[PDB]
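Below you'll find the structure, written out as C-alpha cells, and then a few comments.
Numbers and lists here come from the model and the stated rules, or from a named source; nothing here is a laboratory result. Cβ sites come from the backbone with ideal geometry, for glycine too, and all protein chains shown count toward neighbours.
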Amino acid sequence: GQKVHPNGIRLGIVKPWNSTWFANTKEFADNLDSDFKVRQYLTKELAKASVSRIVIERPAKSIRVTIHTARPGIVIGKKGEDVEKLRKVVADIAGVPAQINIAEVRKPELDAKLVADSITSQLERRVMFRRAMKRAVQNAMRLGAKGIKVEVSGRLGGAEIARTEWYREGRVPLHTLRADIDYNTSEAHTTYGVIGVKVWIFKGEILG
Amino acid sequence: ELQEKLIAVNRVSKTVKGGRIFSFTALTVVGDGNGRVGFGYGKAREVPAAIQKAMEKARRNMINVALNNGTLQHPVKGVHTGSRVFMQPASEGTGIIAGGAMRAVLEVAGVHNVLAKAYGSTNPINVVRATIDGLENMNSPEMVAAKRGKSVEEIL
Amino acid sequence: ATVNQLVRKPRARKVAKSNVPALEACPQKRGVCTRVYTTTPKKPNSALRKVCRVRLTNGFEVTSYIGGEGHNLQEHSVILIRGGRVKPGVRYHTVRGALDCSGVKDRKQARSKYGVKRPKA
Amino acid sequence: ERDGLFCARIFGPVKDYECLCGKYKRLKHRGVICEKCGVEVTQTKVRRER
Amino acid sequence: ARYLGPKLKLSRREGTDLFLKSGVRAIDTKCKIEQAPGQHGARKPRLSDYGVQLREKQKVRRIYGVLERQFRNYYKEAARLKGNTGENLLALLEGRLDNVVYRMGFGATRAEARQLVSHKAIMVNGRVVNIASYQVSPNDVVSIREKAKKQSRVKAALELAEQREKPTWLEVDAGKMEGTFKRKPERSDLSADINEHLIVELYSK
RNA sequence: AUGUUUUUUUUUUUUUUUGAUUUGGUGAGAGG
RNA sequence: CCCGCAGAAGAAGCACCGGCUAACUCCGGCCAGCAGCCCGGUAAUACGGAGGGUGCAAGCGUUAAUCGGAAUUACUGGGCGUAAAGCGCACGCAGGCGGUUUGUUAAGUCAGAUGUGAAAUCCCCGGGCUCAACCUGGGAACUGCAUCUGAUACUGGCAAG
Ligand SMILES: [Zn+2]
C-alpha cells in the first residue's frame, strides 16, 4: 500500500478541506456523523446529476451545504423546487436549519472525481475499459490539464485473473506538494465484481 | 486509394527483474494496386498502437514494381534470410496462387495473377521481405532494352 | 549429391513403418478380449482410462482403448478394433456398436462415433 | 418512382456513388447497373445537368 | 439435393441480397438483412483469408442454388476450358436452364424457375427439357409449353422481371412466352460484386 | 563437498476514415 | 418414351463449432471423459446435454491404404566451420573430368523422312442418349526404339601440331 493520498498530504497547503467548521471535543463526533449522513444522502439523491464535491460548513447552529456539480439544472430542477426539497431533508438529517448552495463546475472533464464516475458508469454499461480510459485521458488533455493519470483495477473484461492497467498523459507530479493534484476514486459494481477506478488530474503548480 | 493489410501480429517478451514485459509486433504491408508496395514492421506495448506504427512505417519507404498488366513480367526468385521465394507470371483468371504473408504483399501490389511458392522458411516477416526483393529486382522489357542498347521489338 | 555419385548409388526413399501393424492393412479387425481394465495415463494427465488387451483374429495380442462413457465388455467378448492411438502402448480403439461392444448410453451428439441409434420421439 | 418522372436509370442515383436500392457502398466500381436497381452510379449534382 | 430451409437466413449470413425472394416486398422489411443469423448475430469480428473466400464461394452457390459437388465439377470444367477461369465458371452457371428461365422472367425466383423446369413446363428448341442443370446454348430458343402457359404464376414472374432490369444477352417475348438465349454472357453483363477470383483461389488450394 | 530436488497452462486482435451538419411558391404589413 | 388421374401429398440426415479450421452461448468438478497435433482441480466457447450456428447432403462421419503438402533422399530441387554431415594424412589402379590449333571422321549431338509405338484410357474439336455420367467420329498424343538421308558448333574417336 505504497502511496500517500494526494488530497490528504496537501490539505495544509494547496488543497482545502470539505467539512469546514470548529467544534469542541463534546460536539465534534456528532458533527462528523451528521456530515457523513448528509453527504451519503446527497450521493444517493444526485447520482444522475454529476456531483463532484459536497462542502459542508456550519456556523451558529445552522448547516450550510455547498454542492459542486457539473449540471446545476438537474439538481435545481425548476427554479427553487428541487433545491428547496433537498434542504428540508438535509435539515432533518442534521437537526438544524439548512442552507444549500450549488456551485457550477466549469470543465467536468478536468474534475477528477466526475471523470472517475463517468468511467465507472461506462464500465457498468459494458464498454471496453481501455477505450473508456483513453477517452478520459484524451478529453482532459484537450481541455487543458497539465497532465492526467487514470488507473483501473480488477476483473477487467470479466477475466478470472484480476489485473490493473493505467494510462498517464502529460506530467503528474505527486511528490511535489505545491502541485494542484485533483485526485479521486470510484467503484464499478459489475457482474464479475468490483472495478476500482483512480484518477489523478494535475491542474498546475501554485506559487505563494 | 492506398490499401493496407496487416499480415501478422505477434506477442514478444522481454524478461526483467520483476518478470516478463510483453509487447506486440505488427507486420503490415501497403500498396496502391499498381507498382508501389511497402511493408512496415511496428512494435508497441498494445496491439493497435503497434499496428498503427507499422502502417506509418509502410507508408514511407515504398518501392515500385514494373507490372505487365495484372501479372509479373517473368519468373522471379527472391531470397531473404531463411525465406526463399519463387513467383511466376500467370494467365488472366488464375488469381494469386500464393501462401500467407506472400499473398498479402502481392494483393496490395496489384498483381492479380501469380503462381508463387515459398520455399525454405515461411517466417512472415522474412517472406514478405523476400517477396519485395523479388518484385524489386524484376525488370521490364523496356528497361531491358534500355540496358542493352536495343528496341523492344529486337528483344520481343 | 554429385551426379556421378548419385549414378553410382541412387537416393534412398525413407521407408515409413505403419503405426498400427496388428491391423495388417485392414480397416478393422475382430478380436477377443483377453482382459479388460483401467490404466493411469502419463503426465500431465489424470484419469482411469478404460482399456482392453485383445487377442486378434490374425494372432496379435494388442491393447485397445474403449471410448465413450461406460462399457459392457468382459473377458471373452468379441470386439472390433479400428486403429488410432491414445496419446503408453495403446495404438487402437474398440469400435463401439460393433459385434459385442455396445453403443454408449444416453448419448445424443456425435452418435455415429459411439454406435448410438437415432433417438425416436 | 421506377420509372416515372423522377427516375433512377434515366437520370442518376440520389445518393453520391450509391445505388439508391442496394450495391456499391465504397469507391471501387463506379458505373455498374444491376437489374434489381435500374440505376446509374455518379455525383449528387449529376441529375441537375441531365 | 436442394436447400429446402429459410432463404433469407442465407442472405443475412452472406451480407448481401441474394435474390432468393421474388422482390415484391423489399428484403429489409422481411428480415434483419444487416444482422447475421442466430443468437450471435450482432457480433461481427473480421473474418480470415480462407473464410472470406469460403463465404464468397457460398454466396455464388447460394445465388444459383448449386450444391458443392456440382459446383466443383463446374469449376473443373471452367479450368479445362480456354480463357479466364472465373469468368468461364460464371458463364457456365448462367447457362443453367433454370437460371436462364429466371432471367427471362418465367420464374419469380430462381427456385420457382427450377421448379417449373422440373415439372415439364419448359421446352428448349421445342423439346421438353426437365433438368435444371441443362446448359442452354447460343441461339437455343426456350419457351413455356402450351399446358403451363395458362398459369398465373408465370405472368406474375414476367411482371416482376419487367420491373427488374432486362439482361442484354437474352431476348424474351411476354406474349409468346419464348426467349432466345442469343449468346453466352460477358463478365461485364453480370453483377460486379461477385469476386470470382476468390472462388477460383479457394479451389486452387 | 553438492545440486534440472516440487513441476501444472496463473493461455497470442486493432479500431478503420470515408464522405455532412441539413429549409421552396402565394398573399398581407412595416423601415429607408 | 409419351398421355391421363389424384393430392403437398410418400421422401433429410451426418459431422463439426479452443487454435490450425468455416461455425458460440447456457446448464451439468484432473472425476466422468475428449484428442489428428498443440482441454478437465466448481464461472470449461475443448468433457456430456441443450439452444443457436457452420460444412457436406442421400449421404455423412470414422478406420485402413497411396501420392500430395515434404525443396523431409532435393534429376528438375537441399546440404556438411558452430545445427546431422569433410575419410587423421597421403599415394594410386578402375572410373569421372580434361589447355590450345588444324585436318579428318560422324559415335554422341541436331534436322528431316520412313517403319513401328495394338485397341481402349488421357487430352482437343465434334456427334448421340431430355442433361450429365456414359457411349461415340476424327485428331493430337504415346516424350521411345529401329533404319535411311543430311548438318558438323559442341563432346568423342583417329592423325598431325
Ligand atoms: Zn446497384
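Listed values, structure above:
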{"item": "Selected residue (only one of E:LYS149, E:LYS184, E:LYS155, E:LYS120 is part of a loop (DSSP other than H, G, I, E, B) and over 30 Å from B:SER91 (Cα atoms))", "result": "E:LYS120"}
{"item": "Close pairs from the stretch B:15-40: first in a loop (DSSP other than H, G, I, E, B), partner of a type in the set (S, T, N, Q), Cβ under 7 Å, at least 6 apart", "result": "B:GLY33/B:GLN3; B:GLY35/B:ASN64; B:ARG36/B:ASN64"}
{"item": "Strands (runs of 3 or more DSSP E) fully within the stretch A:127-191 counting 1 or more residues that are among the aliphatic types (A, V, I, L, M)", "result": "A:147-153, A:179-189"}
{"item": "Conditions (1) crowded, with 20+ Cβ neighbours inside 10 Å; (2) of a type outside the set (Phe, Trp, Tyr); (3) in contact with a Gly (Cβ under 8 Å, 6 or more places away or on another chain): number failed by B:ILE96", "result": "(3)"}
{"item": "Condition met for B:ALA130 (in the same structural domain as B:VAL30 (by CATH), farther than 30 Å from E:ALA78 by Cα and crowded, with 16+ Cβ neighbours inside 10 Å)", "result": "no"}
{"item": "Filter pass, B:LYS43 being touching a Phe, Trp or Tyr at 6+ places or on another chain (Cβ under 9 Å) and more than 14 Å from chain A (Cβ to nearest Cβ)", "result": "yes"}
{"item": "Pairs with Cβ under 8 Å, 6+ apart, first in the stretch D:12-38 and within 7 Å of chain E (Cβ to nearest Cβ), second crowded, with 19+ Cβ neighbours inside 10 Å and of a type in the set (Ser, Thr, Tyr)", "result": "D:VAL32/D:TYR24"}
{"item": "Identity of the residue in the stretch E:195-205, surrounded by 15 or more Cβ atoms within 10 Å (Cβ to Cβ) and among the charged types (D, E, K, R), that ends up farthest from the other protein chains (Cβ to nearest Cβ)", "result": "E:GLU196"}
{"item": "D:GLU40 over 10 Å from the mean Cα position of the chain (by Cα), of a type outside the set (A, V, I, L, M, F, W, C) and more than 16 Å from RNA strand G (Cβ to nearest atom)", "result": "no"}
{"item": "Residue within the stretch E:62-80 that is surrounded by 15 or more Cβ atoms within 10 Å (Cβ to Cβ), over 18 Å from E:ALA111 (Cβ atoms), away from RNA strand F (no atom under 16 Å from the Cβ) and small (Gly, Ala, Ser) present", "result": "yes"}
{"item": "Yes/no for B:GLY93 being part of a loop (DSSP other than H, G, I, E, B) and farther than 21 Å from B:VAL30 by Cβ", "result": "yes"}
{"item": "Top-ranked residue in the stretch E:46-56 [being within 16 Å of RNA strand F (Cβ to nearest atom) and surrounded by 13 or more Cβ atoms within 10 Å (Cβ to Cβ); ranked as nearest to the other protein chains (Cβ to nearest Cβ)]", "result": "E:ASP49"}
{"item": "Filtered residue count, the stretch B:41-69, keeping only those that are within 14 Å of B:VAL108 (Cβ to Cβ) and part of a loop (DSSP other than H, G, I, E, B)", "result": "4"}
{"item": "Residue list for the stretch A:45-77, restricted to those being loosely packed, with under 14 Cβ neighbours inside 10 Å and more than 17 Å from A:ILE102 (Cβ to Cβ)", "result": "A:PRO59, A:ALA60, A:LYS61, A:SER62"}
{"item": "Candidate set from the stretch D:1-30 (those that are surrounded by 15 or more Cβ atoms within 10 Å (Cβ to Cβ) and aromatic (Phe, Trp, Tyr)); member that is farthest from D:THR44 (Cα to Cα)", "result": "D:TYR24"}
{"item": "Matching residues, the stretch B:106-136, being aliphatic (A, V, I, L, M), outside any helix (DSSP H, G or I) and over 13 Å from B:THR71 (Cα atoms)", "result": "B:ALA118"}
{"item": "Residue satisfying all of: in the stretch E:25-41; in a helix (DSSP H, G or I) and either of a type in the set (A, V, I, L, M) or within 16 Å of the ligand (Cβ to nearest atom) (or both); farthest from E:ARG103 (Cα to Cα) among these", "result": "E:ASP28"}
{"item": "Out of B:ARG103, B:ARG84, sole residue that is out of contact with any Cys (no Cβ under 6 Å at 6 or more places or on another chain), surrounded by 15 or more Cβ atoms within 10 Å (Cβ to Cβ) and part of a helix (DSSP H, G or I)", "result": "B:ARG103"}
{"item": "Selected residue (criterion: surrounded by the most Cβ atoms within 10 Å (Cβ to Cβ)) from residues of the stretch E:2-45 that are of a type in the set (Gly, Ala, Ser) and within 14 Å of another protein chain (Cβ to nearest Cβ)", "result": "E:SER11"}
{"item": "Candidate set from the stretch C:94-115 (those that are in a helix (DSSP H, G or I) and over 18 Å from C:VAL36 (Cβ atoms)); member that is nearest to the ligand (Cβ to nearest atom)", "result": "C:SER112"}
{"item": "Yes/no for B:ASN69 being crowded, with 17+ Cβ neighbours inside 10 Å and within 13 Å of another protein chain (Cβ to nearest Cβ)", "result": "no"}
{"item": "Condition check for E:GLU162: within 13 Å of another protein chain (Cβ to nearest Cβ) and within 18 Å of B:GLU92 (Cβ to Cβ)", "result": "no"}
{"item": "Test: residue in the stretch A:6-17 that is buried (at least 16 other Cβ atoms within 10 Å of the Cβ), among the charged types (D, E, K, R) and more than 27 Å from A:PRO72 (Cβ to Cβ)", "result": "yes"}
{"item": "The stretch E:175-188, subset surrounded by 16 or more Cβ atoms within 10 Å (Cβ to Cβ) and closer than 26 Å to E:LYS155 by Cβ, residue nearest to the other protein chains (Cβ to nearest Cβ)", "result": "E:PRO185"}
{"item": "Filter pass, D:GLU49 being acidic (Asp, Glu) and within 14 Å of chain E (Cβ to nearest Cβ)", "result": "no"}
{"item": "Residue in the stretch D:2-19 that is hydrophobic (A, V, I, L, M, F, W, C), closer than 23 Å to E:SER188 by Cβ, within 14 Å of RNA strand F (Cβ to nearest atom) and in contact with a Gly (Cβ under 9 Å, 6 or more places away or on another chain) present", "result": "no"}
{"item": "Unique match (being within 14 Å of another protein chain (Cβ to nearest Cβ), hydrophobic (A, V, I, L, M, F, W, C) and out of contact with any helix residue (DSSP H, G or I) (no Cβ under 7 Å at 6 or more places or on another chain)) among E:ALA156, E:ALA192", "result": "E:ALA192"}
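A quick yes/no check of all residues on (1) touching an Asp or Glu at 6+ places or on another chain (Cβ under 9 Å); (2) assigned by CATH to the domain that holds E:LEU158; (3) within 12 Å of RNA strand G (Cβ to nearest atom); (4) not in a loop (DSSP other than H, G, I, E, B):
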site: E:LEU18; (1), (2), (3), (4): no, no, no, no
site: E:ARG43; (1), (2), (3), (4): no, no, yes, no
site: E:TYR50; (1), (2), (3), (4): no, no, yes, yes
site: E:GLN53; (1), (2), (3), (4): yes, no, yes, yes
site: E:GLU56; (1), (2), (3), (4): yes, no, yes, yes
site: E:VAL60; (1), (2), (3), (4): yes, no, yes, yes
site: E:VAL66; (1), (2), (3), (4): no, no, yes, no
site: E:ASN73; (1), (2), (3), (4): no, no, yes, yes
